[PDB]
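Below: start_5.pdb (PDB, C-alpha atoms (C1' of nucleotides) and all ligand atoms)
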```pdb
ATOM      1  CA  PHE A 254      96.096 135.521  62.305
ATOM      2  CA  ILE A 255      96.374 138.921  60.631
ATOM      3  CA  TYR A 256      98.991 138.013  58.027
ATOM      4  CA  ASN A 257      97.230 134.704  57.340
ATOM      5  CA  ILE A 258      96.382 136.386  54.015
ATOM      6  CA  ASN A 259      98.442 134.937  51.156
ATOM      7  CA  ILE A 260      98.710 135.081  47.371
ATOM      8  CA  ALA A 261      95.367 134.428  45.608
ATOM      9  CA  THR A 262      93.163 135.711  48.434
ATOM     10  CA  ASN A 263      89.619 137.004  47.896
ATOM     11  CA  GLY A 264      90.053 140.083  50.108
ATOM     12  CA  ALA A 265      92.751 142.548  49.136
ATOM     13  CA  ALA A 266      93.252 144.597  52.273
ATOM     14  CA  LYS A 267      89.685 144.865  53.542
ATOM     15  CA  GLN A 268      90.354 141.312  54.764
ATOM     16  CA  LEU A 269      93.469 142.823  56.386
ATOM     17  CA  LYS A 270      92.149 146.212  57.583
ATOM     18  CA  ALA A 271      89.003 144.562  58.958
ATOM     19  CA  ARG A 272      91.119 141.808  60.491
ATOM     20  CA  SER A 273      93.654 143.954  62.330
ATOM     21  CA  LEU A 274      90.800 146.202  63.433
ATOM     22  CA  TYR A 275      88.755 143.258  64.709
ATOM     23  CA  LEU A 276      91.480 141.978  67.009
ATOM     24  CA  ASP A 277      91.876 145.507  68.333
ATOM     25  CA  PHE A 278      88.187 145.562  69.259
ATOM     26  CA  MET A 279      88.751 142.146  70.821
ATOM     27  CA  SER A 280      91.654 143.588  72.819
ATOM     28  CA  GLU A 281      89.408 146.507  73.736
ATOM     29  CA  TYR A 282      86.569 144.223  74.801
ATOM     30  CA  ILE A 283      88.662 141.832  76.910
ATOM     31  CA  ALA A 284      89.822 144.932  78.777
ATOM     32  CA  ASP A 285      86.270 146.269  79.059
ATOM     33  CA  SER A 286      84.439 143.073  80.022
ATOM     34  CA  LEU A 287      87.174 142.179  82.491
ATOM     35  CA  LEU A 288      86.486 145.410  84.333
ATOM     36  CA  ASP A 289      82.773 144.742  84.865
ATOM     37  CA  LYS A 290      83.341 141.204  86.013
ATOM     38  CA  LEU A 291      85.119 143.283  88.630
ATOM     39  CA  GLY A 292      83.519 146.480  89.862
ATOM     40  CA  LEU A 293      85.782 148.727  87.860
ATOM     41  CA  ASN A 294      85.799 150.913  84.746
ATOM     42  CA  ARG A 295      88.101 152.490  82.176
ATOM     43  CA  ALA A 296      90.207 154.497  84.638
ATOM     44  CA  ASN A 297      91.841 151.357  86.052
ATOM     45  CA  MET A 298      93.210 150.375  82.635
ATOM     46  CA  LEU A 299      96.662 151.917  82.255
ATOM     47  CA  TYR A 300      97.040 151.085  78.561
ATOM     48  CA  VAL A 301      95.460 149.057  75.794
ATOM     49  CA  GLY A 302      97.216 148.324  72.521
ATOM     50  CA  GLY A 303      98.104 145.481  70.251
ATOM     51  CA  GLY A 304      96.671 142.775  72.474
ATOM     52  CA  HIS A 305      98.556 144.107  75.499
ATOM     53  CA  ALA A 306      96.622 145.920  78.203
ATOM     54  CA  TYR A 307      97.948 146.783  81.654
ATOM     55  CA  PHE A 308      95.608 147.385  84.584
ATOM     56  CA  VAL A 309      95.484 148.436  88.212
ATOM     57  CA  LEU A 310      93.313 146.103  90.269
ATOM     58  CA  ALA A 311      92.839 145.171  93.919
ATOM     59  CA  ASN A 312      95.065 142.631  95.666
ATOM     60  CA  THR A 313      92.281 140.458  97.012
ATOM     61  CA  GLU A 314      91.030 136.933  96.493
ATOM     62  CA  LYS A 315      87.636 137.751  94.961
ATOM     63  CA  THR A 316      89.468 139.645  92.215
ATOM     64  CA  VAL A 317      92.105 136.973  91.546
ATOM     65  CA  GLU A 318      89.492 134.237  91.244
ATOM     66  CA  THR A 319      87.520 136.534  88.928
ATOM     67  CA  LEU A 320      90.694 136.956  86.842
ATOM     68  CA  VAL A 321      91.274 133.199  86.571
ATOM     69  CA  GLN A 322      87.629 132.393  85.826
ATOM     70  CA  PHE A 323      87.327 135.131  83.184
ATOM     71  CA  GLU A 324      90.598 133.966  81.622
ATOM     72  CA  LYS A 325      89.203 130.443  81.355
ATOM     73  CA  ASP A 326      85.927 131.817  79.929
ATOM     74  CA  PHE A 327      87.628 133.789  77.185
ATOM     75  CA  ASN A 328      89.979 130.938  76.331
ATOM     76  CA  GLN A 329      86.950 128.668  75.965
ATOM     77  CA  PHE A 330      85.559 131.285  73.583
ATOM     78  CA  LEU A 331      88.788 131.372  71.579
ATOM     79  CA  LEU A 332      88.856 127.589  71.430
ATOM     80  CA  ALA A 333      85.246 127.527  70.244
ATOM     81  CA  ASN A 334      86.004 129.394  67.022
ATOM     82  CA  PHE A 335      89.746 130.109  66.611
ATOM     83  CA  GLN A 336      91.352 126.721  67.511
ATOM     84  CA  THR A 337      94.546 127.657  69.407
ATOM     85  CA  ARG A 338      95.468 130.501  67.053
ATOM     86  CA  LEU A 339      94.525 133.069  69.701
ATOM     87  CA  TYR A 340      95.327 132.661  73.375
ATOM     88  CA  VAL A 341      94.891 135.341  76.019
ATOM     89  CA  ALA A 342      97.128 134.925  79.068
ATOM     90  CA  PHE A 343      96.569 136.952  82.194
ATOM     91  CA  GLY A 344      99.193 137.827  84.744
ATOM     92  CA  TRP A 345      99.254 139.973  87.853
ATOM     93  CA  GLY A 346     101.860 141.440  90.157
ATOM     94  CA  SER A 347     101.042 142.374  93.737
ATOM     95  CA  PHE A 348     102.504 145.698  94.812
ATOM     96  CA  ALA A 349     102.279 148.199  97.661
ATOM     97  CA  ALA A 350     102.660 151.962  97.157
ATOM     98  CA  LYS A 351     106.065 151.233  95.621
ATOM     99  CA  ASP A 352     105.628 153.023  92.283
ATOM    100  CA  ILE A 353     106.792 156.141  94.138
ATOM    101  CA  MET A 354     110.202 157.831  94.351
ATOM    102  CA  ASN A 358     114.593 150.718  97.800
ATOM    103  CA  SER A 359     113.814 153.384  95.221
ATOM    104  CA  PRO A 360     115.446 151.917  92.004
ATOM    105  CA  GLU A 361     114.691 148.192  92.366
ATOM    106  CA  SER A 362     111.037 148.400  93.348
ATOM    107  CA  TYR A 363     108.936 149.755  90.466
ATOM    108  CA  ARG A 364     109.945 147.841  87.335
ATOM    109  CA  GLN A 365     110.724 144.776  89.461
ATOM    110  CA  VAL A 366     106.974 144.387  90.082
ATOM    111  CA  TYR A 367     105.862 145.541  86.624
ATOM    112  CA  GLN A 368     107.934 142.592  85.375
ATOM    113  CA  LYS A 369     106.287 140.226  87.882
ATOM    114  CA  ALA A 370     103.189 140.168  85.673
ATOM    115  CA  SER A 371     105.208 139.616  82.493
ATOM    116  CA  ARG A 372     106.836 136.591  84.110
ATOM    117  CA  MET A 373     103.400 135.124  84.875
ATOM    118  CA  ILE A 374     102.342 135.830  81.288
ATOM    119  CA  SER A 375     105.470 134.147  79.904
ATOM    120  CA  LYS A 376     104.828 131.194  82.208
ATOM    121  CA  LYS A 377     101.178 130.927  81.119
ATOM    122  CA  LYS A 378     101.935 131.554  77.429
ATOM    123  CA  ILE A 379     104.224 128.519  77.516
ATOM    124  CA  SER A 380     102.010 125.947  79.327
ATOM    125  CA  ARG A 381      98.705 126.794  77.632
ATOM    126  CA  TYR A 382      95.910 124.372  78.475
ATOM    127  CA  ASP A 383      94.940 121.679  80.953
ATOM    128  CA  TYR A 384      93.729 118.075  80.889
ATOM    129  CA  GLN A 385      90.078 118.317  79.835
ATOM    130  CA  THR A 386      90.474 121.211  77.418
ATOM    131  CA  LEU A 387      93.152 119.312  75.492
ATOM    132  CA  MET A 388      91.487 115.899  75.634
ATOM    133  CA  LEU A 389      88.417 117.578  74.155
ATOM    134  CA  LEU A 390      90.675 119.051  71.444
ATOM    135  CA  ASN A 391      92.060 115.857  69.939
ATOM    136  CA  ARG A 392      88.940 113.774  70.440
ATOM    137  CA  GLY A 393      88.610 112.968  66.753
ATOM    138  CA  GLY A 394      85.189 112.348  65.299
ATOM    139  CA  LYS A 395      85.013 114.422  62.122
ATOM    140  CA  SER A 396      84.553 113.266  58.522
ATOM    141  CA  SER A 397      85.510 116.534  56.895
ATOM    142  CA  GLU A 398      85.737 116.733  53.116
ATOM    143  CA  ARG A 399      86.356 120.497  52.811
ATOM    144  CA  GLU A 400      87.894 123.320  54.835
ATOM    145  CA  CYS A 401      88.038 127.101  55.026
ATOM    146  CA  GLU A 402      90.658 127.917  52.412
ATOM    147  CA  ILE A 403      91.733 131.049  54.318
ATOM    148  CA  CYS A 404      92.502 129.678  57.787
ATOM    149  CA  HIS A 405      92.245 125.870  57.220
ATOM    150  CA  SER A 406      89.473 125.524  59.789
ATOM    151  CA  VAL A 407      86.682 122.991  59.389
ATOM    152  CA  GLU A 408      83.526 123.921  61.300
ATOM    153  CA  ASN A 409      80.601 125.889  59.805
ATOM    154  CA  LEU A 410      81.545 126.064  56.147
ATOM    155  CA  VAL A 411      79.607 128.354  53.820
ATOM    156  CA  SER A 412      80.050 129.291  50.157
ATOM    157  CA  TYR A 413      80.498 133.075  50.367
ATOM    158  CA  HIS A 414      81.286 134.142  46.757
ATOM    159  CA  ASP A 415      81.666 130.448  45.739
ATOM    160  CA  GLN A 416      84.665 129.781  47.983
ATOM    161  CA  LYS A 417      84.455 127.514  51.002
ATOM    162  CA  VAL A 418      84.963 129.770  54.031
ATOM    163  CA  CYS A 419      84.185 129.551  57.720
ATOM    164  CA  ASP A 420      82.086 131.413  60.271
ATOM    165  CA  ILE A 421      84.766 133.908  61.286
ATOM    166  CA  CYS A 422      86.060 134.497  57.765
ATOM    167  CA  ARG A 423      82.590 135.381  56.497
ATOM    168  CA  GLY A 424      81.976 137.681  59.425
ATOM    169  CA  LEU A 425      85.196 139.428  58.454
ATOM    170  CA  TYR A 426      83.853 140.195  54.985
ATOM    171  CA  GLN A 427      80.686 141.467  56.633
ATOM    172  CA  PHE A 428      82.822 143.611  58.949
ATOM    173  CA  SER A 429      84.807 144.865  55.955
ATOM    174  CA  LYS A 430      81.572 146.117  54.463
ATOM    175  CA  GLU A 431      80.836 147.743  57.848
ATOM    176  CA  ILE A 432      84.330 149.074  58.579
ATOM    177  CA  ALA A 433      83.721 152.686  57.499
ATOM    178  CA  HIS A 434      81.175 153.466  60.220
ATOM    179  CA  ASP A 435      81.935 155.350  63.406
ATOM    180  CA  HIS A 436      79.782 153.208  65.698
ATOM    181  CA  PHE A 437      80.359 149.554  66.551
ATOM    182  CA  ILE A 438      77.904 147.889  68.910
ATOM    183  CA  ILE A 439      78.008 144.571  70.725
ATOM    184  CA  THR A 440      74.949 142.371  70.224
ATOM    185  CA  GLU A 441      74.565 138.695  71.065
ATOM    186  CA  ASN A 442      73.882 137.076  67.689
ATOM    187  CA  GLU A 443      74.989 139.453  64.902
ATOM    188  CA  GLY A 444      78.273 139.490  63.021
ATOM    189  CA  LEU A 445      81.683 138.573  64.402
ATOM    190  CA  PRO A 446      81.768 137.079  67.910
ATOM    191  CA  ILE A 447      84.167 138.774  70.318
ATOM    192  CA  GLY A 448      83.369 136.860  73.478
ATOM    193  CA  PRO A 449      81.083 134.658  75.530
ATOM    194  CA  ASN A 450      77.571 135.607  74.313
ATOM    195  CA  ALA A 451      78.968 138.808  72.815
ATOM    196  CA  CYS A 452      79.246 139.585  69.104
ATOM    197  CA  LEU A 453      80.358 142.694  67.225
ATOM    198  CA  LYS A 454      78.431 144.570  64.549
ATOM    199  CA  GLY A 455      79.182 147.796  62.706
ATOM    200  CA  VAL A 456      76.257 150.184  62.732
ATOM    201  CA  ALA A 457      75.247 153.546  61.330
ATOM    202  CA  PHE A 458      74.282 156.336  63.707
ATOM    203  CA  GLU A 459      70.520 156.409  63.185
ATOM    204  CA  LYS A 460      70.315 152.592  63.169
ATOM    205  CA  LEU A 461      70.890 152.432  66.938
ATOM    206  CA  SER A 462      67.136 152.590  67.511
ATOM    207  CA  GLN A 463      66.660 149.725  65.043
ATOM    208  CA  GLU A 464      69.377 147.518  66.542
ATOM    209  CA  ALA A 465      69.397 146.314  70.156
ATOM    210  CA  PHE A 466      72.792 146.343  71.855
ATOM    211  CA  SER A 467      74.447 146.371  75.280
ATOM    212  CA  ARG A 468      77.622 148.431  74.793
ATOM    213  CA  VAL A 469      78.467 150.888  72.022
ATOM    214  CA  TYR A 470      81.899 151.978  70.796
ATOM    215  CA  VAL A 471      82.479 155.135  68.802
ATOM    216  CA  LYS A 472      85.651 155.425  66.756
ATOM    217  CA  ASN A 473      87.656 158.663  66.423
ATOM    218  CA  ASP A 474      85.370 161.092  68.203
ATOM    219  CA  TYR A 475      85.884 163.582  71.011
ATOM    220  CA  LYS A 476      82.298 164.822  71.111
ATOM    221  CA  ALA A 477      80.146 162.995  73.637
ATOM    222  CA  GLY A 478      77.468 162.187  71.072
ATOM    223  CA  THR A 479      74.037 160.704  71.676
ATOM    224  CA  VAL A 480      74.649 156.985  72.238
ATOM    225  CA  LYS A 481      76.776 157.643  75.388
ATOM    226  CA  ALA A 482      79.476 155.343  74.128
ATOM    227  CA  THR A 483      82.997 154.131  74.818
ATOM    228  CA  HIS A 484      85.468 156.162  72.774
ATOM    229  CA  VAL A 485      88.025 154.048  70.930
ATOM    230  CA  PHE A 486      90.644 155.590  68.652
ATOM    231  CA  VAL A 487      91.797 153.464  65.723
ATOM    232  CA  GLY A 488      93.974 155.152  63.132
ATOM    233  CA  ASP A 489      92.541 154.806  59.641
ATOM    234  CA  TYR A 490      92.435 156.766  56.400
ATOM    235  CA  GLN A 491      91.467 155.990  52.809
ATOM    236  CA  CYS A 492      91.989 158.540  50.070
ATOM    237  CA  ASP A 493      90.852 156.120  47.370
ATOM    238  CA  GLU A 494      90.672 152.405  46.682
ATOM    239  CA  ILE A 495      93.942 150.495  46.462
ATOM    240  CA  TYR A 496      94.012 149.902  42.701
ATOM    241  CA  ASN A 497      93.931 153.630  41.953
ATOM    242  CA  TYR A 498      97.094 154.268  44.011
ATOM    243  CA  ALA A 499      99.290 153.365  41.076
ATOM    244  CA  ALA A 500      97.206 155.380  38.608
ATOM    245  CA  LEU A 501      97.157 158.399  40.924
ATOM    246  CA  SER A 502     100.953 158.186  41.192
ATOM    247  CA  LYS A 503     101.246 160.483  38.166
ATOM    248  CA  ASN A 504     101.343 164.261  38.321
ATOM    249  CA  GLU A 505      98.799 166.414  36.514
ATOM    250  CA  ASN A 506     101.215 166.409  33.561
TER
ATOM    251  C1'   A B   1     190.118 172.470 -12.768
ATOM    252  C1'   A B   2     187.674 168.474 -14.130
ATOM    253  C1'   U B   3     186.009 163.077 -12.578
ATOM    254  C1'   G B   4     182.888 160.732  -9.034
ATOM    255  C1'   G B   5     178.602 161.340  -6.406
ATOM    256  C1'   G B   6     174.089 163.564  -3.571
ATOM    257  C1'   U B   7     173.670 165.065   1.436
ATOM    258  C1'   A B   8     170.659 167.088   5.620
ATOM    259  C1'   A B   9     165.320 168.102   7.732
ATOM    260  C1'   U B  10     159.926 166.955   8.043
ATOM    261  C1'   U B  11     156.963 160.924   8.316
ATOM    262  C1'   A B  12     151.626 163.780   9.990
ATOM    263  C1'   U B  13     150.143 168.511  13.172
ATOM    264  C1'   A B  14     145.505 170.732  15.918
ATOM    265  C1'   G B  15     140.406 168.710  17.102
ATOM    266  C1'   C B  16     135.930 166.225  18.254
ATOM    267  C1'   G B  17     136.353 160.678  21.247
ATOM    268  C1'   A B  18     129.922 160.142  21.019
ATOM    269  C1'   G B  19     124.926 163.140  21.787
ATOM    270  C1'   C B  20     119.527 162.658  22.213
ATOM    271  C1'   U B  21     114.690 159.388  22.915
ATOM    272  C1'   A B  22     113.119 154.895  25.152
ATOM    273  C1'   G B  23     114.988 152.425  30.907
ATOM    274  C1'   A B  24     110.252 147.614  30.554
ATOM    275  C1'   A B  25     105.058 147.601  29.528
ATOM    276  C1'   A B  26     100.387 144.443  28.774
ATOM    277  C1'   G B  27      98.136 139.770  30.538
ATOM    278  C1'   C B  28      97.585 135.462  33.921
ATOM    279  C1'   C B  29      97.500 136.656  39.487
ATOM    280  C1'   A B  30      95.527 140.684  42.045
ATOM    281  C1'   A B  31      91.100 143.613  41.318
ATOM    282  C1'   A B  32      85.912 143.812  39.751
ATOM    283  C1'   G B  33      83.402 140.473  44.830
TER
HETATM  284  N1  LIG C   1      95.122 144.449  65.674
HETATM  285  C1  LIG C   1      96.351 144.564  65.163
HETATM  286  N2  LIG C   1      96.477 144.909  63.861
HETATM  287  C2  LIG C   1      97.703 145.016  63.341
HETATM  288  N3  LIG C   1      98.883 144.833  63.936
HETATM  289  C3  LIG C   1      98.729 144.490  65.222
HETATM  290  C4  LIG C   1      97.526 144.337  65.899
HETATM  291  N4  LIG C   1      97.754 143.984  67.217
HETATM  292  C5  LIG C   1      99.059 143.922  67.310
HETATM  293  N5  LIG C   1      99.710 144.219  66.142
HETATM  294  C6  LIG C   1     101.156 144.258  65.937
HETATM  295  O1  LIG C   1     101.717 143.066  66.456
HETATM  296  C7  LIG C   1     102.810 143.382  67.339
HETATM  297  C8  LIG C   1     102.927 142.311  68.393
HETATM  298  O2  LIG C   1     102.993 141.052  67.704
HETATM  299  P1  LIG C   1     102.933 139.672  68.460
HETATM  300  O3  LIG C   1     104.159 138.900  68.163
HETATM  301  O4  LIG C   1     101.630 138.936  68.144
HETATM  302  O5  LIG C   1     102.894 140.062  69.984
HETATM  303  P2  LIG C   1     102.163 139.123  70.976
HETATM  304  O6  LIG C   1     100.873 139.773  71.353
HETATM  305  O7  LIG C   1     103.045 138.883  72.235
HETATM  306  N6  LIG C   1     101.885 137.663  70.211
HETATM  307  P3  LIG C   1     103.177 136.618  70.521
HETATM  308  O8  LIG C   1     104.462 137.121  69.748
HETATM  309  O9  LIG C   1     102.807 135.168  70.027
HETATM  310  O10 LIG C   1     103.463 136.598  71.988
HETATM  311  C9  LIG C   1     102.494 144.777  67.857
HETATM  312  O11 LIG C   1     103.682 145.448  68.263
HETATM  313  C10 LIG C   1     101.851 145.438  66.634
HETATM  314  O12 LIG C   1     102.828 146.021  65.782
HETATM  315 ZN    ZN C   2      88.412 131.113  57.975
END
```
Give the structure from this file in structure tokens form.
Amino acid sequence: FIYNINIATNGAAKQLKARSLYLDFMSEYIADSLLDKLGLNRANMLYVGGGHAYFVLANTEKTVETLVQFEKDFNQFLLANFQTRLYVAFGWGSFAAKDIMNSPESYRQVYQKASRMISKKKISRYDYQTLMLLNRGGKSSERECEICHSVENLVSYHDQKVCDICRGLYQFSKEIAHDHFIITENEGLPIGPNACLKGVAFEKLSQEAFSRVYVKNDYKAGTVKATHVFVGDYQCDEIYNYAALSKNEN
RNA sequence: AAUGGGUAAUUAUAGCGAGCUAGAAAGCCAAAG
């Protein structure tokens, strides 16, 4: 999805910066919104990274059914507007107080129990109804999104035929430089079930109406009382100057 | 003494054996959007 960019693409690297940043907010938000379908918060998440995020949850039935139902919810969201290019696969290993110095073959042997369930669910993706609804036919499409070859919701953003996600990514590339990224319900790129992402300035938080706010690269607590993400980014200049600034002063 | 004749050595020696500048640019594309 990220290196779907090719030769003769409208976006140079803003369509690549804003695309590898967007999936990282999606990986952040799956981790966040999974923890309030449960009763938990950010402490229980051991790590979040490039789509991978390890947790510590409770070995009980009301959590496992919440895991399965939220997994089906987010995969319905990914099928609604990414069409089997993105698939999130949960997986959970039950363990006692065995991550404590049967000392060698107890810790990693249950950390790998979740990776086996992921590899089993990554390999047998869907079920009956959600694949019969896939290849149901019924579409007289003439055109397609020339970035990702999708069909639904075609617009003419800068006289090229692009889709709903790949116009939201240009809008997010105009909004990428901000520190604050809020989740609304109907604005910008969708990142979940009834949950969309929008980049916002600081003093526009009273104008906008959100539910959860992320602040990027900040250790001060701030005013919005946000969730602190940390994405590495830097821009000294635009890309086309990087050859011309390759000279010395002489 | 005349008379017959020439015979030996060197066949090039000492050097420099290339130096410096340029080492791909400008367009299409990409950017500008
Ligand atoms: N948002 C992102 N932007 C840029 N690079 C990323 C991002 N997320 C992950 N990556 C990179 O992608 C790597 C993982 O690639 P990938 O093969 O997709 O792993 P995966 O999540 O297991 N997908 P798959 O290989 O199909 O199972 C990471 O190690 C990162 O280097
Ligand atoms: Zn697209």
*Counting all atoms listed in the file, collect the residues of chain B whose closest atom lies at most 12 Å from chain A, and write them out as a PyMOL selection string.*
chain B and resi 28-33
_Can you pull out every residue with an atom within 9 Å of ligand ZN 2 (chain C)? Use all atoms listed in the file and format it as a list in words._
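Listed by chain and ascending number, the contacts are residues 335, 400, 401, 402, 403, 404, 405, 406, 407, 410, 417, 418, 419, 420, 421, 422, 423 and 425 of chain A.
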*How would you write, as a count of residues only, the set of residues no farther than 9 Å from ligand LIG 1 (chain C) when counting all atoms listed in the file?*
24
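Pairwise distance (CA of residue 334 (chain A), CA of residue 470 (chain A)) equals 23.3 Å.
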_Suppose a student applies the PyMOL selection byres (((chain A and resi 379-388) around 10) and not hetatm) to this structure; what residues should they get, written as a ChimeraX atom specification?_
/A:325,328-329,332,337,340-342,373-378,389-393
*Report the distance between CA of residue 310 (chain A) and CA of residue 448 (chain A) in Å, rounded to one decimal place.*
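It comes out at 21.6 Å.
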*Compile the contact shell of residue 347 (chain A) as a ChimeraX atom specification: residues with an atom at most 10 Å away, counting only C-alpha atoms (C1' of nucleotides), same-chain residues fewer than 3 positions apart removed.*
/A:309-313,366-367,369-370
Atom completion result for region 278-295 of chain A (N, CA and C atoms) as a CSV table (one decimal), keeping the file's coordinate frame:
```csv
chain,number,residue,atom,x,y,z
A,278,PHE,N,89.4,145.5,68.5
A,278,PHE,CA,88.2,145.6,69.3
A,278,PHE,C,88.1,144.4,70.2
A,279,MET,N,88.7,143.3,69.9
A,279,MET,CA,88.8,142.1,70.8
A,279,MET,C,89.6,142.5,72.0
A,280,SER,N,90.8,143.1,71.7
A,280,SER,CA,91.7,143.6,72.8
A,280,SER,C,91.0,144.7,73.6
A,281,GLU,N,90.2,145.5,73.0
A,281,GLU,CA,89.4,146.5,73.7
A,281,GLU,C,88.3,145.9,74.6
A,282,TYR,N,87.7,144.8,74.1
A,282,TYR,CA,86.6,144.2,74.8
A,282,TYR,C,87.0,143.3,75.9
A,283,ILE,N,88.1,142.6,75.8
A,283,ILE,CA,88.7,141.8,76.9
A,283,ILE,C,88.9,142.8,78.1
A,284,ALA,N,89.6,143.9,77.8
A,284,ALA,CA,89.8,144.9,78.8
A,284,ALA,C,88.5,145.5,79.4
A,285,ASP,N,87.5,145.7,78.5
A,285,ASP,CA,86.3,146.3,79.1
A,285,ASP,C,85.5,145.3,79.9
A,286,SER,N,85.2,144.1,79.3
A,286,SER,CA,84.4,143.1,80.0
A,286,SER,C,85.2,142.4,81.2
A,287,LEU,N,86.5,142.6,81.3
A,287,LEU,CA,87.2,142.2,82.5
A,287,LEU,C,86.9,143.1,83.6
A,288,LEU,N,86.6,144.4,83.3
A,288,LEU,CA,86.5,145.4,84.3
A,288,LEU,C,85.1,145.5,84.9
A,289,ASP,N,84.1,144.8,84.3
A,289,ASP,CA,82.8,144.7,84.9
A,289,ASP,C,82.4,143.3,85.4
A,290,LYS,N,83.3,142.4,85.1
A,290,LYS,CA,83.3,141.2,86.0
A,290,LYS,C,83.9,141.6,87.4
A,291,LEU,N,84.8,142.6,87.4
A,291,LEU,CA,85.1,143.3,88.6
A,291,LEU,C,84.1,144.4,88.8
A,292,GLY,N,84.4,145.4,89.7
A,292,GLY,CA,83.5,146.5,89.9
A,292,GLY,C,84.0,147.7,89.2
A,293,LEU,N,85.0,147.6,88.3
A,293,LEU,CA,85.8,148.7,87.9
A,293,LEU,C,85.3,149.3,86.5
A,294,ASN,N,86.1,150.2,86.0
A,294,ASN,CA,85.8,150.9,84.7
A,294,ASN,C,87.1,151.3,84.1
A,295,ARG,N,87.0,152.2,83.1
A,295,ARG,CA,88.1,152.5,82.2
A,295,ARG,C,89.3,153.2,82.8
```
